[PDB]
**Student:** 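I'd like to ask you about the structure that follows.
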Amino acid sequence: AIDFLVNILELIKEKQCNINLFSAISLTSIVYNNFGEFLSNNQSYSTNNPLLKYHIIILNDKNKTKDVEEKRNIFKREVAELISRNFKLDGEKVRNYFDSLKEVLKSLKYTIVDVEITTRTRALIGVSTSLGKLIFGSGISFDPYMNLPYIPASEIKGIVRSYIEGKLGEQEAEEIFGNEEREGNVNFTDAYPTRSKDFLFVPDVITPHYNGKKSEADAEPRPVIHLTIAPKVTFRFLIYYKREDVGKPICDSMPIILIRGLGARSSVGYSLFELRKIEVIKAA
Amino acid sequence: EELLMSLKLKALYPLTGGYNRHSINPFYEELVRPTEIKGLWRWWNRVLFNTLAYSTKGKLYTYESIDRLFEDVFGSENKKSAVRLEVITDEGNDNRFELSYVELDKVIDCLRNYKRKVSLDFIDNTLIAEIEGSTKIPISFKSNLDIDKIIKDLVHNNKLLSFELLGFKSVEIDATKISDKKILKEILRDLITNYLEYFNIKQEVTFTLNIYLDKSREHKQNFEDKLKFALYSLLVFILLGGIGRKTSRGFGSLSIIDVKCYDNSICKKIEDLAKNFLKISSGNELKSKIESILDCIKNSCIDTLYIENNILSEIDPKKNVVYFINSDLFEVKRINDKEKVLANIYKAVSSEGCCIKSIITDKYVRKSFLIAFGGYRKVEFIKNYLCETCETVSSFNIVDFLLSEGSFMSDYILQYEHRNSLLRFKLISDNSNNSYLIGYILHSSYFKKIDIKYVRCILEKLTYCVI
Amino acid sequence: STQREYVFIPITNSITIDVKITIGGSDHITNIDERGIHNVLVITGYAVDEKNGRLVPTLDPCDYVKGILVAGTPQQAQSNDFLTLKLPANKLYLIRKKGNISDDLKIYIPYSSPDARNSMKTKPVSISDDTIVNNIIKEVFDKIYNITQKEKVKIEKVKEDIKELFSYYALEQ
Amino acid sequence: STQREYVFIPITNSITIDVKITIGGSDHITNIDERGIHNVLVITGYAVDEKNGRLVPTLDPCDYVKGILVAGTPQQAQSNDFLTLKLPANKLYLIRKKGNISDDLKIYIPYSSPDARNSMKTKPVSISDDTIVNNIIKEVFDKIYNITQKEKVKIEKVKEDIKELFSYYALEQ
Amino acid sequence: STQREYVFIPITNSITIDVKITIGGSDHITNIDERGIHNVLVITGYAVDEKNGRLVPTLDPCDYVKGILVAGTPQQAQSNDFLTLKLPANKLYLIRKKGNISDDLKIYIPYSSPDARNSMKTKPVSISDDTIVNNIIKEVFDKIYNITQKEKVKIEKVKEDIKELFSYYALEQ
Amino acid sequence: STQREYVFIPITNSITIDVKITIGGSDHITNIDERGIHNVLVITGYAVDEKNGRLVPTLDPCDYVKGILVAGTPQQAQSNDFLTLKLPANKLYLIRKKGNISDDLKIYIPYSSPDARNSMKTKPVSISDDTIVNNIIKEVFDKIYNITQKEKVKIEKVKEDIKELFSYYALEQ
């Protein structure tokens, strides 16, 4: 129903962190992409939907079209700010999830390594994944059932393996992470945020001027509002394995590989992390 | 991967910005953006490479070709960059902008059923919500943003800062149909925040820019001399440009403080040319060092070892504009105090600027000089001074201009809003409480051919008058 | 040392005989320059005591009135009931400033005391009733402005934009 | 009706006794709830002297003053010189609105003559110099809130508030 | 220059007589600055003791010790059997990096005998037992930092975050 | 031609007398009309020898002095210490140009000789301490342009822009 739509920003700001952020942003994108139509006397006539504020303000009169376009740019920035301030992190469900998962693994006689890492710079994990993609163009790796951003276990394993084969050759890697003829000896869970300082998401911009341009005569900034993971957000994941060998290469690999990137745009210092804590539970 | 170098730098009155053109926002504070450093590094690398390729071969290559060439250090869609930038700073902790309260219940009542503008203004450390419909109200508020009077009058006296403030200070509001109060509170608090954050203008911003090198991209064919040229262009950038906005007017200017390096076999001469700037005696010595480093690329025992590759492409001077250094238009002057310098640079680039009505002293001629150099002007004759083939009194002849007939260069010079200023200005210092304005003019690839030292006379008259 | 004089501009019919400065000394701060009307003064916080048109001091920062500024003291037999004051001549909250200031002037205000008789209810009543826009040609500028009707053909603008230019708050007692 | 008189708060400390009425009832519009003040009134268009300053008026909506309006009539040896009207009390520029005024009161404010032979050039001062702030409350706060030093036995919370939201423009003459 | 004292954080009473100049200068590296602890140094390949408790070299990269980084000397009775060393101030693994360290450093970590008699059977142990936390709190952060119980009241957050931030691998042999 | 000569404007106590003919008629090039000094004739490649007040020729375009134009004669007992030259009317170097000039120049500048024994050093000297600039108006800006205060009210713009625009270097001997 359209009434679910024209009242979805109110929902984001009142149900904060208890709403399904994936579906919320997905439905918000319909308003965002039909802005000119949702403003033509279809604000639901409420008083706490941000949508009639764009009827008080006047940005242009010589063009209704330009009016709508500038209002829509403002509205994109405001959606970014809404998500970032309202959708905070409550990481109690994740702490319970990981404690129970670790108990399960202790039953299955694995040796668990529970690693806690902290974001140091606005991170970008899953920048091509769909979340805010239909508004911002970028995205975040978002688990719509934990209702959180997460770091895929495949990504962490790929980075750890890239490093281990960097400094131990392309054969001890396959001895640890297997190949097309052996299964790996090391398992990785996804990483979920367990505790932030203030925010979980954060608006940001990127404004290419010259990327893919010939000269100065075709240069033009195109600014790309998007969402990133705030600093000081702490993720945790598990690492479990049955042989005692692979404990050695992963331990020392953990502190090293994190200070260099763990997501996107590491080259310009974005997804820089910080080993907060590591801990090894041996089974037998 | 290991550290390549690390440059303790310093920015002077930088005007950064993210997603809201201010350097501070409700969530974090960002004075130096590593993305901007990377982008400006690449832009200066293209400018420097065209400078070299036009000195040694009189040819100019498109930007796409140049960064396709430098892909192995700067990266592209096909290869990840080999240089990983960093930016570390003091107070890199939680430093957002919080607006604790703002008392505006009254201006709301002043905005009932009225289609009226609401302009803001700081008036003697008190901000006024001057309603254009003949009303003024001394709004009160509290914020962790401690704006000092120095910043307020720096923005008030600088007629360019006060110009880019026309878009952070004014909202037209239509309450004639009807308006709740809780909605005008939101609108006006948005206005207040967009105004307040504009005054987060710091100074003495000091940051350690690290460079990490991808070892796996070791010398394939020309990785080493490419990377060395790249570090040389990083030096050129740190010395002639700045971070943030309005760097073509002195703001955001950079200054070397210490450059510790960690691999001499790549960085020896770079660190040397860097440390040469840790203390500068006087004006012309700095000028000599600028020239020494500008021509160490062109005529020293090593200039280039890779231009002999045919990945590049020549510009189509009817299509393309490219910038490059002239290495002779680099007047320098000492300033003794930096704020008034920035306040006066407006006099040096304004059509009716009293520091230009003294140097050219003519209508339709100042206009031409400022449409050719000095970035995109808003033009309302003059093109007679901008022809390609017509009377050359003052040589401002654009490559492909023709009378009463538009061509690509014609529209580009008259109507193209994003066009940098060839006439640029730099403020440097060397940790010894002395500072030298650096004025210069990049050479564009749309100038047919200019009379160099005539424009150099103009430039030195500027740099002597603009103080 | 030097003085000025604020002339009301309400819609009332009380402009011709309240003053004796028909010429000023030799000038007019408020002047029309064929672009429109320029450099008129706004006095906020003071509502209009309509009868004997003068401003009553209110505390409301939102009560404003509009008028012109000239030089003089009214009627040659007055200034027993006014508010005269000297100022840096920049605290003027002028609008449409197309002139200049002598950097220093003194101003007499046509002032009516509060007279606390009841609760007050000011009312925004923009100027209208084009019979008033014509008698503020007749009584006001055909006399104050010996330049009116004799120099410009552009009286139509200086009679049509008046709707926008001026307004006031009537308390309506 | 209940009568409210407005007293200002400069750095100067001389206005101790002209508010002669303690309360006269059970109400003080200003509230002190271990936070600072509440329901503070600001008057724009009025400069101030430092002669136990009255609220001399100006024509500048930036010339503002901030004080506190209390219950009672000031000793009836003043307000004969002062400006005294009434109005529906929603026209009060009441900042930090906490309560809900009955929407009508009488206002008396220390008000001077415009000082016709002087230029009312102003410059604004804010309440600081804690050597003065220590007894600025003794100037105007001890004679109003007896519970001072008994409930608010903490000093900084209640002293770093009028520093925040109390200032004025001053003639400095 | 600025010679540093890495005082790791064990759970036994080995932090009593170990230093001569515990004063250093105007800058430490490990901080407590209204956010928690900063710039904590993490070392690997080393496991503390608790009877004459210092670091013994071992080559299990899963062993690791964390501690503080303050400017000092090793009591001038040691550094004959300690680890003095000079690092270029970027090869130090600082958890919770706040700013930048000063381009070179001189570190004195306590480097006991390799213990060639016994065999290394390192055992992980963290910091708990809130009194064992509080006593070394009084012993280290109160002494080295003029901050605690002079600049901070909220160091209970420090109490609850040291019990998890700091840990090590030890032997108990 | 219209014979003239040059005078400097330092903070120095050496500006007593350097001219016989001050008017030479009714024309100067550094005219004044409510915008401060116009056509400030700037020279570069020189400094001032303010004690023994004279312009000493150094050879660095970083050094400069900015004075004004006086249409007359410096005691006519000169060329032992001065420099004379006629110009094609734009080999000059102005500040806030007014217009085109009379095709002819003759300017005498107070010059000094090297006395090269000491390693002389140039230093920037800015017009500051507007008390000495009040004296400057009293000594070098009353009699040269006495038309001020007789045609120009703006005797404040002059001191402001002398504070701002007139700066020079010295020798520090």
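Numbers restart at 1 for each chain; the letters A, B, ... are given by sequence-line order, proteins then strands. Computation of the quantities below employed the complete heavy-atom set of this structure, encompassing side-chain atoms and omitting hydrogens, waters and symmetry-equivalent molecules.
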**Student:** Counting heavy-atom pairs under 4.5 Å with chain A, which one of B:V87, B:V322, B:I187, B:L184 comes out on top?
**Tutor:** B:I187
**Student:** At what distance, to the nearest 0.5 angstrom, does CG of B:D94 lie from NZ of A:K232?
**Tutor:** 6.5 Å
**Student:** Measure the spacing between OH of B:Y19 and NE2 of A:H226 and express it to the nearest 0.5 Å.
**Tutor:** 11.5 Å
**Student:** Please report the closest heavy-atom contact between B:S179 and A:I56, naming both atoms and the distance.
**Tutor:** CB-CD1, 4.4 Å
**Student:** Counting heavy-atom pairs under 4.5 Å to chain B, which of A:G269, A:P223, A:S84, A:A80 comes out on top?
**Tutor:** A:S84
**Student:** Which region of B:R46, side chain (C-beta onward) or backbone (N, CA, C, O), has a non-hydrogen atom less than 4.5 Å from a non-hydrogen atom of chain A, or is it both or neither?
**Tutor:** side chain
**Student:** Does a side chain donor of either B:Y446 or A:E216 reach within less than 3.5 Å of an acceptor in the other side chain?
**Tutor:** no
**Student:** Within a radius of less than 6.0 Å around CD of B:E132, do more than 12 heavy atoms belonging to other residues, nucleotides or ligands occur?
**Tutor:** no
**Student:** Is it the side chain or the backbone of B:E36 that comes within 4.5 Å of chain A heavy atoms, both, or neither?
**Tutor:** neither
**Student:** Check this for me: A:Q171, atom CD, are more than 12 non-hydrogen atoms of other residues, nucleotides or ligands nearer than 6.0 Å?
**Tutor:** no
**Student:** So, is the end of the A:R260 side chain (NZ or CZ) under 6.0 Å from the ring centre of B:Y212 and within 45° of the ring's axis?
**Tutor:** no
**Student:** Would you call B:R33 and A:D204 a salt bridge, using N to O less than 4.0 angstrom?
**Tutor:** yes
**Student:** Among A:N48, A:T121, A:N211, A:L272, single out the residue with the greatest number of heavy-atom pairs under 4.5 Å to chain B.
**Tutor:** A:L272
**Student:** Counting only non-hydrogen atoms closer than 4.5 Å, does A:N49 touch chain B with its backbone (N, CA, C, O), its side chain (CB onward), both, or neither?
**Tutor:** neither
**Student:** For B:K115, is it the side chain, the backbone, both or neither that has a heavy atom under 4.5 Å from a heavy atom of chain A?
**Tutor:** side chain
**Student:** Less than 4.5 Å to any heavy atom of chain B: does that hold for the side chain of A:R265, its backbone, both, or neither?
**Tutor:** neither
**Student:** Can you tell me if B:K117 has over 12 outside heavy atoms packed within less than 6.0 Å of its NZ?
**Tutor:** yes
**Student:** Among A:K197, A:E220, A:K76, A:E81, which has the most heavy-atom pairs under 4.5 Å with chain B?
**Tutor:** A:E81
**Student:** For B:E417, is it the side chain, the backbone, both or neither that has a heavy atom under 4.5 Å from a heavy atom of chain A?
**Tutor:** neither
**Student:** In terms of heavy-atom pairs under 4.5 Å with chain A, which of B:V321, B:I66, B:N420 leads?
**Tutor:** B:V321
**Student:** Quick check: does any side chain N or O of A:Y270 sit under 3.5 Å from a backbone N or O of B:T35, one acting as donor and the other as acceptor?
**Tutor:** no
**Student:** So which heavy atom on B:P34 is nearest to which on A:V268, and how close?
**Tutor:** CB-O, 3.3 Å
**Student:** Just verifying a value: how many Å separate B:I315 CD1 and A:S215 OG, rounded to the nearest 0.5 Å?
**Tutor:** 8.5 Å
**Student:** Write down the atom of A:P203, the atom of B:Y28, and the distance for their closest heavy-atom approach.
**Tutor:** O-OH, 3.0 Å
**Student:** Rounded to the nearest 0.5 Å, how far apart are CD of B:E186 and NZ of A:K53?
**Tutor:** 6.0 Å
**Student:** Quick one: what part of B:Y416 sits under 4.5 Å from any heavy atom of chain A, side chain, backbone, both or neither?
**Tutor:** side chain
**Student:** In Å, rounded to the nearest 0.5 Å, how long is the span from OG1 of A:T47 to NZ of B:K181?
**Tutor:** 11.5 Å
**Student:** Would you call the rings of A:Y210 and B:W43 parallel, tilted or perpendicular, taking 30° and 60° as the class edges?
**Tutor:** tilted
**Student:** Does atom CZ (B:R217) have a neighbourhood of more than 12 heavy atoms from anything else shown, all under 6.0 Å?
**Tutor:** yes
**Student:** Could you check which of A:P50, A:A219, A:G212, A:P208 has the highest count of heavy-atom pairs closer than 4.5 Å to chain B?
**Tutor:** A:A219
**Student:** Find out whether A:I57 and B:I173 are in side-chain contact, i.e. whether some heavy atom of one side chain is under 4.5 Å from a heavy atom of the other.
**Tutor:** no
**Student:** Return the option, out of A:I58, A:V205, A:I225, with the maximum number of heavy-atom pairs under 4.5 Å with chain B.
**Tutor:** A:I58
**Student:** Measure across B:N320 and A:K214 and return the closest heavy-atom pair with its distance rounded to 0.1 Å.
**Tutor:** ND2-CB, 4.5 Å
**Student:** For the NZ atom on A:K133, are there more than 12 heavy atoms of other groups (residues, nucleotides or ligands in this structure) within a distance under 6.0 Å?
**Tutor:** no
**Student:** Where does A:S266 contact chain B at under 4.5 Å (heavy atoms): side chain, backbone, both or neither?
**Tutor:** both
**Student:** Restricting to non-hydrogen atoms, name the atom on A:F199 and the atom on B:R96 that form the minimum distance, rounded to 0.1 Å.
**Tutor:** CE1-CD, 3.6 Å
**Student:** Any chance CZ of A:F35 has more than 12 other-residue heavy atoms, nucleotides or ligands included, within less than 6.0 Å?
**Tutor:** yes
**Student:** Under 30°, 30 to 60°, or over 60°: which ring-plane class applies to A:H209 and B:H418, parallel, tilted or perpendicular?
**Tutor:** tilted
**Student:** Could you pull out the closest heavy-atom pair between A:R77 and B:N20, with the gap in Å?
**Tutor:** CD-CB, 4.4 Å
**Student:** Please determine whether the number of non-hydrogen atoms from other residues, nucleotides or ligands lying under 6.0 Å from atom NZ of B:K80 exceeds 12.
**Tutor:** no
